[PDB]
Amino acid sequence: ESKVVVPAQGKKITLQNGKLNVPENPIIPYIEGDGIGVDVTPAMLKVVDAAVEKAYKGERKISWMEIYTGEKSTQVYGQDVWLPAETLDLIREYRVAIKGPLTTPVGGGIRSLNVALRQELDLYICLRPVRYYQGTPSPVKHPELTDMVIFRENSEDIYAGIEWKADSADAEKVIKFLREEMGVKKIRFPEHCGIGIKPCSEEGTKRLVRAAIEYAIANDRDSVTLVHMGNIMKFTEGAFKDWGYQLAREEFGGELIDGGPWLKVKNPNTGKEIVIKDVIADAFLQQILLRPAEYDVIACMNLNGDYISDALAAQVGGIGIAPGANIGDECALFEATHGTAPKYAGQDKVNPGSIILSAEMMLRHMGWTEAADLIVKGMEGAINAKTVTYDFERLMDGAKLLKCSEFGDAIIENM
């Protein structure tokens, strides 16, 4: 029997015509998260409640409902229950949810729980905005020049988990087929060879890129850059870029800039000419360091998005405070983007900034922009005040060391 308790006071968010109908008392499912989730989640709940209370003068209030996934799920439902069917059902049913870091066990043949949540709920958009918060200790000279929003495709690519182990009967079978029936000759060593499949479809590419362009329009952003490795992988990465440009032309009236290949899409609200361009992935990893100001909205495939998001987070000193969201047509799951750091679990020491900023994204997604704005304001003030957790403090001089919970309070105090 389920151990999830539906809040007595609270109402389910609904979806109508692609628009969320959020009540003043929405029930929001939340997954504590493994390791440090025990530290960061309480801080997030308190910070969000304060922002909501302050923004709407007590008129609105979230009814938090704990659901399970990960190590805590096994402890609540038993041995092999890492991801309960009800969790997938509840997230879909309640439309909006948030979670702390999750870890996948090894030895049992189970694949990434984070990816499982994304694929099973068809949350095809991994949204990762990366900006700099003044006062944050950064390894680069000008982190303030970084203000990007990453639209990472979440349902395809090698990240889809389609592969076979070297020497397995399946691997031999696939390799045999490829060589004998497909005439593949580029497999350097066919024996003791692992094989993975990388899929990329037109519908997959277009729904991701459509969301990216719509975001640029809605937020009056300057450009959308299709990042890919099409020079090497023409049929997957290359097709992604091709379909991205095609979508811009076919659905957003994209016009040619100069002799190509860049396009300009007129923002139907501001009249701003949004530039649609593309950069080879490896070169892009250099350009984010060398010319960050030239980039804004980024649209890319699963793996590249994972790399780009992490690299960007690192350079702005946001490795531990990078917000993230997994959005689909029916529901959305916001999440802390860092690991579980089990060594510090329960020490009330880690930075709750990531999950808090992800809650900021959640609030904005629900249409509660005032509360979201309050969290952004609190984070900016706390960081600028140099009242921070150990991860920031250790890289700074003249900073006040704060516990995880205390930093949560600092954010509230700066709202």
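Residue indices: 1-based, along the sequence shown.
Item to complete: Using the B-factors recorded in the PDB entry, average over the C-alpha atoms of 232-240 and of 165-173, then report which stretch comes out higher.
Response: It is 165-173.
Stretch with the greater mean C-alpha B-factor as recorded in the entry, comparing 54-62 against 353-361: Higher mean C-alpha B-factor: 54-62.
*asked:* Comparing recorded Cα B-factors across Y344, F252, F151, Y295, which one is largest?
replied: Reading the PDB entry, the winner on C-alpha B-factor is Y344.
Checklist entry - Which of these has the highest Cα B-factor in the record: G320, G183, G135, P139? => result Out of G320, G183, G135, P139, the record gives the largest C-alpha B-factor to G183.
Ranking every modelled residue in this chain by its Cα temperature factor as given in the entry, which third contains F284?
Tercile = lowest for this residue's CA B-factor.
Give the position of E156 by CA B-factor within its chain, expressed as the lowest, middle or highest third.
Middle third of the chain for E156's C-alpha B-factor.
- prompt: Looking at the C-alpha B-factor of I91, is it in the lowest, middle or highest third of its chain?
  reply: Middle third of the chain for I91's C-alpha B-factor.
Select lowest, middle or highest to describe the third in which the CA B-factor of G100 falls within its chain in this entry. Its C-alpha B-factor, which the entry lists for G100, ranks in the lowest third among residues of this chain.
Problem - Position of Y77 among the chain's modelled residues by C-alpha B-factor, lowest, middle or highest third - result: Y77: CA B-factor falls in the highest third of its chain.
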